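Okay, so we've got the same protein chain twice, two forms, each given alone as structure tokens, structure 1 and structure 2.
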Structure 1
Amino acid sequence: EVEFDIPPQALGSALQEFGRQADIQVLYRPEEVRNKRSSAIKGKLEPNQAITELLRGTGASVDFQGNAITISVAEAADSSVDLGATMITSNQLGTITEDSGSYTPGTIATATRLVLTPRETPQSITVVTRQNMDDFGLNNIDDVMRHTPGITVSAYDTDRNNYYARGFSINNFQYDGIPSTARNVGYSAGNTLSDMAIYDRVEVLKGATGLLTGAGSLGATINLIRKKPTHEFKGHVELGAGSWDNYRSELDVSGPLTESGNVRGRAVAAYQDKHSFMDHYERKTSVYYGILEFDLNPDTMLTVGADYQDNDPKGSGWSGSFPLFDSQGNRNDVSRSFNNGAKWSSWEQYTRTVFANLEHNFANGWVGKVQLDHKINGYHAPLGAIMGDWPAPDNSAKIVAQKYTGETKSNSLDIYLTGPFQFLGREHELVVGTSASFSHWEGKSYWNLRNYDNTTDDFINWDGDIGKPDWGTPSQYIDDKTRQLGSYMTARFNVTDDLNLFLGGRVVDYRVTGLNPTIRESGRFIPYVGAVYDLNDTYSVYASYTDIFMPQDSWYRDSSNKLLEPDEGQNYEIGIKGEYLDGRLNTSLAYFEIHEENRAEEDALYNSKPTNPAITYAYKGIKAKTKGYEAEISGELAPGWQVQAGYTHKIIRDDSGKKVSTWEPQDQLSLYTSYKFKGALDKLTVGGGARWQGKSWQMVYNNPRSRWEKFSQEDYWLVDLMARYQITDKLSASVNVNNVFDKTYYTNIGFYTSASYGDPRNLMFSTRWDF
């Protein structure tokens, strides 16, 4: 029951104002509300009474679908059925997943910046909703990714994780639809450690995502949707304790800050201090987030926000957790508690964002948005760990220590327009936008240590006890300035009642200046072709042609010292999507092929006998091809029964025919279900899940035995259990059991001739108090 103040006006304006005031996504067709007016509403009425009062005399009907509503004007005659009708939306980011109760989303704008339902999206879109995160205790993005169908989380060391989709490493992140500067695979800056306390959902769009990303990787884009201020007061305190001294605390507060409700705010603060199943390891994390929304008038809204996150570990590992082989070339046998990192070893990662947004509703149903962001993504990594073919026969080992310190400051500006347009008596939608980004990366690297004794007598009983070195002076410097300029346009034509065509593209300008030679790339086109055909009320078939490129490094040049053409690829997709129970349940089945061009490969022939003095180590561009399929189900199976399940099959082979990205399994399966009891057991929720993955391998070089070996991980199952009890209206307690059957497995399969183990069986106990 909220306070509503909307005067009699054009119906479409009233619906956009109601959407803001009720904190609800309002969908309506622009042609249907065209010459109609709203009736006046003022006072503290429930949202249901409010819309029935607002619509009085319009002849419109409402479809209540959780955190969204669809307005329709029914007519005396049979109305022609057009499921994909162009619709005006109140929330440009999609439907809010918080308090929905579902594992499936509503609308999402993550593909083409148009607010579409998953069925309307001619692409592979997977979303991890707020309830899924609450239910399975997914505190960070790594936990989220481990629970995301078609994602493989592979680790380098304790604080360096990498995500794989469709044979490619995902290097793309977006925050509220605004893309973050393309992450360096090794120089963790903080994206892979994003705490979930400040977000509503995570949207993972798979394939070739260039249209809204610009320059980036293949496989997917991870869009994180921040939590937002509300028109009614709501908040919570949540404390948690789990295996290996893992303590967590979270506070979230949201509501109006003035009597009229013109000013609204949300502030969230979280703290986690944990130890590990791994020796001499501890990490401290702090998140702070604050956002203010101002209504300048009923059509204009200004937003100012900021967020902070610091990740501070001690005892950070480096290459893996242990060496694969001993000095003699025999395979090592270490316990899951083994940690190679010295006590003082740390890969410290931090992030801060300061954003301001301006949103306007124009008289023609069009809405304009302006987004200004200032981001920081740094790291302070004085690393040190047992590294190399160790132990030696006298159970001796050697420590390798290097320090990396870097920071990336980014200033981005993003203006875009979205609205309906008529053409040959039919309603279509268009997106036109421009973007500009200015990024600066400074970094120092220390590897010439002063007078350091890097030997340890005991390897088996390694405690992490070695002194810290005098790092000396920087051995290498990075000072890179990047300027990326974009322009996009996407049209969604409502061709017939059963056919909707997507045509769009992006033009990219990219320039990098620094200590190395200037990289200049102008007029880089990224196409977008999509279509959706309604078979019937439930099913729709789709097909898409999408693309993306990544400007290569100044290090990736050919023999003629000319830089390699950008690493790029096309996603060719055919599929079928289902929609049941008024969109409360969604199913999909798709076939994909990723065509890659300019995959940098070492030029062995040149590199063995280099002839040009300008280039000492050159590269060669090759082609690669992923072929696969994916099936997915999410949402209500029954009235209180929910699911998020998926199956993915993938093979990536290069130009020669050889399989590549072999550590990512060809087959993977995920299922996460929960059931809320009815009647007397109403306060009890029970849940569970299981994740299976096929055989994964990697070729490793055995230096002591001068031979290549195949390091494999056989297929394995991981089972999670869950339960929650609502003790009081305000207080609830939960328990979460992960790796229920305590399986031993690997997260790192031979990277840096080292391995890492996945978490042993662990539990998390949490209690939550809602105000």
Structure 2
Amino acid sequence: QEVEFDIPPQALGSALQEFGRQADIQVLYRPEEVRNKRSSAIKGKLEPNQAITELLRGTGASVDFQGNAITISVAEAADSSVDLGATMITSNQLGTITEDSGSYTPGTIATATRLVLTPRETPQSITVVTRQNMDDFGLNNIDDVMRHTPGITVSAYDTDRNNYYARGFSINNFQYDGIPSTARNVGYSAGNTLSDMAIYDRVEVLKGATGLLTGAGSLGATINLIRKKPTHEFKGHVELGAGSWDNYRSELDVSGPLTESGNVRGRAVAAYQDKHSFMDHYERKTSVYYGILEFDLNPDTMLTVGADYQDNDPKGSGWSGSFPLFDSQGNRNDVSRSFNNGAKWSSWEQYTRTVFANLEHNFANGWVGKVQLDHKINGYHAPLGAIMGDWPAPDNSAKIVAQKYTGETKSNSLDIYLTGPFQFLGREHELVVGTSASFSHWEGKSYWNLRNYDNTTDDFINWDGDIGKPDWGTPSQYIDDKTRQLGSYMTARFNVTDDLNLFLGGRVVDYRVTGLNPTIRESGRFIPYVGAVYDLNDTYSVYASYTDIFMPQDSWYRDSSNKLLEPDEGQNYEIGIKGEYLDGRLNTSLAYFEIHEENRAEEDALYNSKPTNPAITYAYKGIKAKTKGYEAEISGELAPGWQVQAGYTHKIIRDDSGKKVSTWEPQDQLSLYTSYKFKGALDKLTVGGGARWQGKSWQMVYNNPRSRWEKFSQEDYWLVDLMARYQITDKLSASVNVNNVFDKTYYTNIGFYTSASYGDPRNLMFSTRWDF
């Protein structure tokens, strides 16, 4: 709607970048097309579509309107067949904004290489949950979003930490606006499983091996969370929502110019949720605040400062799973879904805050430069207490384990990178060159030396949490770990023919972990990136890529010889076809992929049976493992009011024993979410539904009292979601989400330290949203 403009005549490139910014729109244009042209002048309050054609007057260019993006083209009377994936310079370095897109398919993405590219242009598997997907299905945190992310599996560690798999691996890579955090372990990583969606536009998941931009990390995927940004027109909303088990949420979101001109601009959000739970004596309050100002130092240099804050504060936390699998004498426990072995006072509170600043500058080259500075904090306060062990006993008694960890991790990050186009053999290519540095320092207290506590409870079947709290005594331990990561990376994207694009890149990495453990050092490790995309028609392209990642091992993973295991490493091999329909409004992909892992830490049973090096007491073994699997997906418009996201993934991961692994992650899964917007008499109603199926999953767990291994299975099952919205008024709407319609009872954890967790029963959520 009607924006305030001011673009004086200049290089058409500069104008287009200046426009994207002022319009809150992404502008894509091909450098060689706009290079010897200038904009015509525009001034005043205008509608962006009128505005742009006025800007383009005299230039001979056409506009393609596409949601939150415009692409500019310069048609010739010539043309010999088209360059569908021609080098395109872009006005927003993170991609197209999904807020208000009306869509479940992303626009353009930078998660792969730092280069702004469409899913069809990216030679990796990239899934995105958009802002509208999030709104329609009430996905209010990262757990909700992973549960709705095709190809991800969410399993429980305990009431306050989940695990995300892809392709056989636990995901342990998180970025925010494309900047990796340190996630070496749960010390560094407080709150990562729990971020509220209130401050984010979309989460984008890059599946495979993602070393190129993550640096040191896990195989499986990177999760990239893009923050909400300020806008040039005023707007916002308030939201109220009320759900099953005394689940209350509120949320405020405000955005706009802060000066009469528009040269300073801000966005603020605050969200608060207080919920109980189907689980007995578990409650959890969450708080979030967020604020960001953008300042135009001048028409091609912008400074951003912002901060965010999230507190997650539960009662009734468990340490591991909701209940023990086996009783004192070895029989499987049968307990209600409400069972919670957490104590009343038990809490794993987790907090996160960031202070951050950017500087982004446009060189009249058409090259853009960007510096990103971060102060991150990840803190935890964890007085835990939870029935654990083979219980109850015959007289219905049980025993509690209690320990207390507190601590904070402080992180500092510098990320700097240049990106731009270049001519080579008569054609346009582009390149990114960046360097990065992060130092993060985990400091902590632990307590396990309980003074004079009676950790037995008189009654299991009716356990309440109603147990005393111990005297924690003095600290048992002080933690002091320091990680330093340093990167340099470079990727070229060569437009080789009119249907072939070749990716040649790499990261060199220096990684040092310091402190109470023997220093862990990796110098000059190379991480290769090779990719290709071949256009087939107006619609389909094939792609192949070879990609890599590593993580230096945790310091307790030493071998026979008391020598740290080589880094845990893998390569992703992928070949696929990707389809594009309705000018980018609908995307399909079908991929085959193979992960080759090497140096996967494993127990070393033959040494462990009777150790023989005085140096080590419990060695590990570095083995190879494989993932073989295929994946298909669709997202976007199936017909005018009709949006979907859906996926199908098949996997089996084996290790050098030949035995299946990550067998809790099902071998097959499907997701399908959809909504429909009626027209005519009922254009104000949006109706929606969803299904997630997964096939058999299992775990070998050891039944101590009987001295035998057992197989625990989860037979395949469906979960059904439904959804409706009614826009009663221009400014006000109502919603209902029913989740797990058929109240399926199933498991989200079997065998995590010999325990189990249930999935959510059927739950409802009612919301109003009010847009100013």
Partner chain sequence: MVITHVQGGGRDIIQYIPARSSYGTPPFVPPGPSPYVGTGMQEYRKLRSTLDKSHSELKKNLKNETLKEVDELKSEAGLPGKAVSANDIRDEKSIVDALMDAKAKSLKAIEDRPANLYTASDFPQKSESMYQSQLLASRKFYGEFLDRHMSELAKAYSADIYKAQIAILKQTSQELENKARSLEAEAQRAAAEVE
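Counting starts at 1 and follows the sequence of structure 1. Rigid core: the largest C-alpha set superposing within 1.5 Å between the two forms.
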Note to self: form deposited without its partner chain is structure 2
The residue to pick from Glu259, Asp457, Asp78, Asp453, given a Cα shift of 2 Å or more between structure 1 and structure 2 after core fitting, is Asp78
With both forms fit on the core, has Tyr164 moved 2 Å or more by CA between structure 1 and structure 2? no
Core-superposed C-alpha of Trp663 shifting 2 Å or more between structure 1 and structure 2: no
Look at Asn607 and decide if its Cα position differs by 2 Å or more between structure 1 and structure 2 after superposing on the rigid core. yes
Shift in Å of the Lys444 Cα between structure 1 and structure 2 [rigid core superposition]: 1.9
Using a rigid core fit, what is the CA shift at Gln476 between structure 1 and structure 2, in angstrom? 2.5
Between-form comparison on the rigid core puts the Cα shift of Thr129 between structure 1 and structure 2, in Å, at 0.2
